[PDB]
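Quick reminder, even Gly has a Cβ in these numbers, built from the backbone with ideal geometry, and neighbours come from all protein chains shown. Numbers and lists here come from the model and the stated rules, or from a named source; nothing here is a laboratory result.
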Amino acid sequence: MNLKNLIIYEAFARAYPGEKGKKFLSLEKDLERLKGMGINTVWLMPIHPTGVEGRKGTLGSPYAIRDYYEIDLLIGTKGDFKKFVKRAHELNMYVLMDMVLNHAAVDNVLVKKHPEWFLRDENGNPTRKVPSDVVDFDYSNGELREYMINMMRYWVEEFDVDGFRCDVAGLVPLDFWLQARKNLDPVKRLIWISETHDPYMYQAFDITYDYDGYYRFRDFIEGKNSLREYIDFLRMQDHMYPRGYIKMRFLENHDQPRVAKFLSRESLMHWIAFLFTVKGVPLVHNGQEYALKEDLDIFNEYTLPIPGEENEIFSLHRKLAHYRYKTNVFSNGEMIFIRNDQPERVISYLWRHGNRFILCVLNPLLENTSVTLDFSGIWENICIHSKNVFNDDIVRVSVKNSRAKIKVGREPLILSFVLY
């Protein structure tokens, strides 16, 4: 389909509110909240039973998988999950399962049956490359490769899941992933997502994400570096990748600290506005819609405070996601970045489609600054009357020299308008 229509929620099911054994039941009820917030895709962290020998914390990391064919019953049964994605589909939503196939848990059921499928040490036992709940797969193995594609197929054919986020790090070859697509595309056209900045991966994946942008972004907040490192990087990113590529934007995920730790409420909103209006595909990581600065505990017993009071961060999230969900500007238009007077303070970019425009002007520093923007390739002389999507204000911008002087502060400008 048009994968630019996806707005994604990363959900940690085991950590959801509710009782043990009943976590899918809970997430099923939560779909209506997610749907009404503008989510169309929920991305499940691994839901498999966890390694026992080697286990960090009382429960173990979800990324240390003891059985690729089973679900952690401290989350739910297969019935619970199968009910959960049927609900999702009824609600016109998509479900993605996390596929960590580059390493298994030390006591994963495969380490017994097939030691040969793993990288082995000098004396023939399965091992890892990096110095420990986890052991690395040997993907020179033709039988391993067929096992994995069939396990991905089962989950598809049995629970009708919609896509996969794959861990691609380490010794997994691009040909393996292409092999998966050759066998699984005819089964169902799935949403294929990975974490990578390797341009070749788009041969196998539709959407990727990486931390290139993210740390340039982190550095600007933490005062460590310039906004321009962040923006000029995004500005040139089209040139790092083939034509139809999609990048997934995010302010945090499971692997990163809570974004609300680093910004004020008012600054964060500028970055929320950015999240939902910038080219790409937005990620809401469970809890960020409540501006949670509580870290995900990922190995021990943990429940995230989901609901969650409906604060100004929650309302904005819903407002922007629902807006994107209902317009076709971001799914079909073109975004271009706009050079401005104050590149150390402000972000600015324009969408066109082709009468509909959205000029976004962001000011995460919040301080009142007048910024001028360059509209050379278009336009030189007009007065624009727009509605600022962010707060339903009215904003007029006059361009009278191919340029336009704008006052900003505290509130992001998401200036939606139409010429003709």
Criterion violated by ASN150 - all others in (1) part of a helix (DSSP H, G or I); (2) of a type in the set (S, T, N, Q); (3) touching a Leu at 6+ places or on another chain (Cβ under 9 Å) satisfied: (3)
Filtered residues of segment 223-253 (kept if part of a helix (DSSP H, G or I) and either hydrophobic (A, V, I, L, M, F, W, C) or farther than 23 Å from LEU365 by Cβ (or both)): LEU227, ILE231, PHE233, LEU234, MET236, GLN237, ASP238, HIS239, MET240
Residue satisfying all of: in segment 111-134; farther than 22 Å from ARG181 by Cα and either acidic (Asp, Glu) or in contact with a helix residue (DSSP H, G or I) (Cβ under 6 Å, 6 or more places away or on another chain) (or both); surrounded by the most Cβ atoms within 10 Å (Cβ to Cβ) among these: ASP133
Looking at (1) of a type outside the set (D, E, K, R); (2) over 28 Å from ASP392 (Cβ atoms); (3) surrounded by 17 or more Cβ atoms within 10 Å (Cβ to Cβ); (4) more than 15 Å from the chain's Cα centre (by Cα), which is the one condition that is false for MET240? (3)
Look through segment 1-30, keep the residues that are of a type in the set (A, V, I, L, M, F, W, C), outside any loop (DSSP other than H, G, I, E, B) and in contact with a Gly (Cβ under 8 Å, 6 or more places away or on another chain), and return whichever of them is nearest to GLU334 (Cα to Cα). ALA13
Of those in segment 359-383 that are among the β-branched types (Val, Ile, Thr) and more than 20 Å from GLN342 (Cβ to Cβ), the residue surrounded by the fewest Cβ atoms within 10 Å (Cβ to Cβ) is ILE378
Anything in segment 254-277 that is surrounded by fewer than 22 Cβ atoms within 10 Å (Cβ to Cβ) and either part of a loop (DSSP other than H, G, I, E, B) or not hydrophobic (A, V, I, L, M, F, W, C) (or both)? List them, or say none. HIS254, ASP255, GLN256, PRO257, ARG258, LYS261, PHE262, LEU263, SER264, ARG265, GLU266, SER267
Can you report the number of residues in segment 156-185 which are of a type outside the set (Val, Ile, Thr), over 22 Å from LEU6 (Cβ atoms) and outside any helix (DSSP H, G or I)? 4
Has segment 137-159 got at least one residue that is more than 26 Å from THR196 (Cα to Cα) and either surrounded by 14 or more Cβ atoms within 10 Å (Cβ to Cβ) or within 21 Å of the chain's Cα centre (by Cα) (or both)? yes
Are there any pairs, at least 6 apart or on different chains, whose C-beta atoms fall under 9 Å, with the first in segment 400-420 and farther than 16 Å from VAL329 by Cα and assigned by CATH to the domain that holds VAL346 and the second basic (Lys, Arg) and part of a loop (DSSP other than H, G, I, E, B), and if so, which? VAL408/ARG345
Subset of segment 262-306 (residues that are among the polar types (S, T, N, Q), under 19 Å from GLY18 (Cα atoms) and in contact with a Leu (Cβ under 8 Å, 6 or more places away or on another chain)): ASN286, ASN300
Restricting to segment 331-377, give me the number of residues that are in a loop (DSSP other than H, G, I, E, B), of a type in the set (A, V, I, L, M, F, W, C) and at negative phi. 4
Assigned by CATH to the domain that holds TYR323 and within 20 Å of the chain's Cα centre (by Cα): does that describe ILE65? no
